[PDB]
Amino acid sequence: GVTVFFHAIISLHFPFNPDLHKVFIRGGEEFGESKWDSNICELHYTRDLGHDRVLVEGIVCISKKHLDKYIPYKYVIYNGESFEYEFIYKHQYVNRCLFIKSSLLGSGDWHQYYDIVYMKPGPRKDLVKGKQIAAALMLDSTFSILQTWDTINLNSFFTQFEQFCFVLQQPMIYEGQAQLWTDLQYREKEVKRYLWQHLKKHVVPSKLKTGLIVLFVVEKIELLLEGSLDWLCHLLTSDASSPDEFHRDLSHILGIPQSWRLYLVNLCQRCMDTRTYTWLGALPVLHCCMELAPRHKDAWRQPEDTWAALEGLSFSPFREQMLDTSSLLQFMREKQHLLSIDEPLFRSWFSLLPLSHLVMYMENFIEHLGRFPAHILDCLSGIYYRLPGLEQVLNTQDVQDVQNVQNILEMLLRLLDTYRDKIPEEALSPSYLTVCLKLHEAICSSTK
């Protein structure tokens with residue numbers, strides 16, 4: 001049939017002892033047709049958790065018919081001289097319902113995480129502490145798999161994590177029929193804070209793989225890294241020297257079907273909406289997910305998000321409202337190596353900067369342009385997208401902003417003259433002449 005692993009937390013309601021007390025599960029005719037007629041399974045005690053609590057674990061074999069449906073199960077404890085039934089502080093026989101979805105069964109092993117056992121001698125508070133302890137124990141158990149890395153261990157980790165999330169998000173109880181947890185209706189903020197600190201503590205000592213696992217966990221349990229995303233942005237910040245090594249690390253984990261793009265877009269969009277800049281380091285990974293487009297000859301027709309490799313992000317508000325540019329360019333400079341391992345990143349950074357500082361960007365990153373000459377043309381493209389702003393600038397006959405525009409055009413001429421010999425014919429295309437025409441038109445129009 002199928003093998004099921006059970007895990008149960010016992011608490012001060014019972015001062016457990018490995019000799020005094022024994023633990024068993026009792027069930028209906030489902031696991032086996034001895035409906036409440038025997039100790040359906042015996043559980044082995046492998047942990048002590050303090051707080052007078054303890055973790056017990058068990059294994060059972062179940063025929064397959066029960067997939068896609070509900071088995072009923074209940075916990076029973078042997079107190080040394082008698083057998084008692086567990087208690088669940090629900091306001092209303094009442095038991096638990098175990099459900100085994102074939103969707104999550106990849107290898108055929110079902111792990112029934114997240115089981116709390118209270119004996120009949122607050123109850124909400126007890127179950128809150130319990131929910132926290134259980135989610136921590138599940139994170140630890142799942143992370144234990146990564147001890148050796150490959151596609152197999154990753155798939156096992158994802159399977160167990162998805163089973164955990166399926167039972168926690170659908171914590172069903174049985175009363176004739178299966179129903180959603182009401183005595184608690186598992187609560188988030190109190191638990192999610194503690195689990196967030198636990199994840200931070202355990203993860204803080206390959207970095208990218210850790211960061212991607214953290215991102216998957218955060219998005220799946222619907223967590224937010226409160227006001228401190230920089231640490232996760234750092235974990236996903238590559239220290240690579242070449243593109244091959246970056247792709248080598250990312251290949252296995254990203255090769256696993258998940259919504260990596262959506263998770264990374266959410267992360268970057270939050271790091272922008274909270275006005276921080278460390279997210280700039282994670283952009284390469286999103287580009288690896290983006291499946292970027294060729295340099296279509298009529299590139300100028302492309303919208304900016306597609307040209308900047310930022311499909312899914314609202315860069316303009318961050319670009320304008322964010323003020324601290326000196327720190328932004330110093331960061332871009334410290335992480336200049338990233339520009340070598342990701343072609344589009346130069347365009348993306350270019351788009352996120354305001355007009356005033358664009359020149360220092362092309363100045364701070366002119367060696368890169370000598371090493372990647374074709375990026376020079378992307379500067380023209382960026383200015384094309386800036387074209388509205390330059391008009392609004394030129395219509396106001398301000399000496400400072402006109403000087404900025406003059407400096408931008410002088411920088412472009414300096415680059416096109418200096419690297420006239422390096423610009424490859426592949427990056428070149430007639431369409432760029434159109435871009436310069438549009439630029440010229442705007443200036444002729446605005447300059448009064």
# chains A, B, ... in the order shown; residues from 1 in each chain; ligands from 1
>>> residues_around(residues="residue 213 of chain A", least_positions_apart="5", cutoff="9 Å", atoms="only C-alpha atoms", output="list in words")
residues 208, 218 and 253 of chain A
>>> write_last_selection(atoms="C-alpha atoms", output="PDB file, in the first residue's frame")
ATOM      1  CA  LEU A 208      22.463  31.148  -3.510  1.00  0.00           C
ATOM      2  CA  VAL A 218       8.907  32.400   2.929  1.00  0.00           C
ATOM      3  CA  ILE A 253      17.679  24.203  -7.987  1.00  0.00           C
TER       4      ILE A 253
END
>>> residues_around(residues="residue 246 of chain A", least_positions_apart="5", cutoff="10 Å", atoms="only C-alpha atoms", output="ChimeraX atom specification")
/A:208,238-241,251,284-285,288,341-342
>>> write_last_selection(atoms="C-alpha atoms", output="PDB file, in the first residue's frame")
ATOM      1  CA  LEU A 208      22.463  31.148  -3.510  1.00  0.00           C
ATOM      2  CA  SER A 238      26.516  36.071  -6.053  1.00  0.00           C
ATOM      3  CA  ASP A 239      30.243  36.198  -5.341  1.00  0.00           C
ATOM      4  CA  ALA A 240      31.013  34.571  -8.683  1.00  0.00           C
ATOM      5  CA  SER A 241      33.877  35.451 -10.997  1.00  0.00           C
ATOM      6  CA  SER A 251      21.044  25.143 -12.554  1.00  0.00           C
ATOM      7  CA  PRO A 284      20.716  38.270 -11.863  1.00  0.00           C
ATOM      8  CA  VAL A 285      18.745  35.303 -10.554  1.00  0.00           C
ATOM      9  CA  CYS A 288      18.015  33.614 -15.179  1.00  0.00           C
ATOM     10  CA  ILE A 341      28.088  37.534 -15.056  1.00  0.00           C
ATOM     11  CA  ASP A 342      24.844  39.065 -16.358  1.00  0.00           C
TER      12      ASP A 342
END
>>> closest_residue(among="A:20, A:12, A:77, A:437", to="residue 300 of chain A", atoms="only C-alpha atoms")
A:437
>>> atom_distance(atom1="atom CA of residue 129 of chain A", atom2="atom CA of residue 171 of chain A")
16.3 Å
>>> atom_distance(atom1="atom CA of residue 343 of chain A", atom2="atom CA of residue 149 of chain A")
28.7 Å
>>> residues_around(residues="residue 286 of chain A", least_positions_apart="4", cutoff="8 Å", atoms="only C-alpha atoms", output="number ranges by chain")
A: 260-261, 264-265, 282, 290
>>> write_last_selection(atoms="N, CA, C and O atoms", output="short mmCIF file (atom, residue, chain, number, x, y, z; two decimals), in the first residue's frame")
data_model
loop_
_atom_site.label_atom_id
_atom_site.label_comp_id
_atom_site.auth_asym_id
_atom_site.auth_seq_id
_atom_site.Cartn_x
_atom_site.Cartn_y
_atom_site.Cartn_z
N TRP A 260 9.59 30.39 -9.28
CA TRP A 260 10.74 31.16 -8.81
C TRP A 260 10.63 32.61 -9.25
O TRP A 260 10.97 33.53 -8.49
N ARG A 261 10.15 32.83 -10.47
CA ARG A 261 10.07 34.19 -11.00
C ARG A 261 9.14 35.03 -10.15
O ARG A 261 9.46 36.18 -9.83
N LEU A 264 10.73 35.91 -6.75
CA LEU A 264 11.79 36.90 -6.82
C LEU A 264 11.24 38.26 -7.20
O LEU A 264 11.75 39.29 -6.72
N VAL A 265 10.20 38.30 -8.03
CA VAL A 265 9.57 39.56 -8.36
C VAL A 265 8.93 40.16 -7.12
O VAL A 265 9.04 41.37 -6.88
N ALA A 282 20.22 40.71 -6.21
CA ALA A 282 19.47 39.51 -6.55
C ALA A 282 18.99 39.51 -7.99
O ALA A 282 18.62 38.45 -8.50
N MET A 290 13.97 34.74 -16.20
CA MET A 290 13.13 35.54 -17.09
C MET A 290 13.02 34.95 -18.49
O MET A 290 12.01 35.17 -19.17
#
>>> closest_residue(among="A:184, A:252, A:258, A:29", to="residue 215 of chain A", atoms="only C-alpha atoms")
A:258
>>> select_by_dssp(residues="segment 127-163 of chain A", states="alpha helix (DSSP H)", output="JSON, numbers by chain")
{"A": [127, 128, 129, 130, 131, 132, 133, 134, 135, 136, 137, 138, 139, 140, 141, 142, 143, 144, 151, 152, 153, 154, 155, 156, 157, 158, 159, 160, 161, 162, 163]}
>>> residues_around(residues="segment 63-70 of chain A", least_positions_apart="4", cutoff="12 Å", atoms="only C-alpha atoms", output="PyMOL selection string")
chain A and resi 1-4+27-33+95-105+108-110+172-179
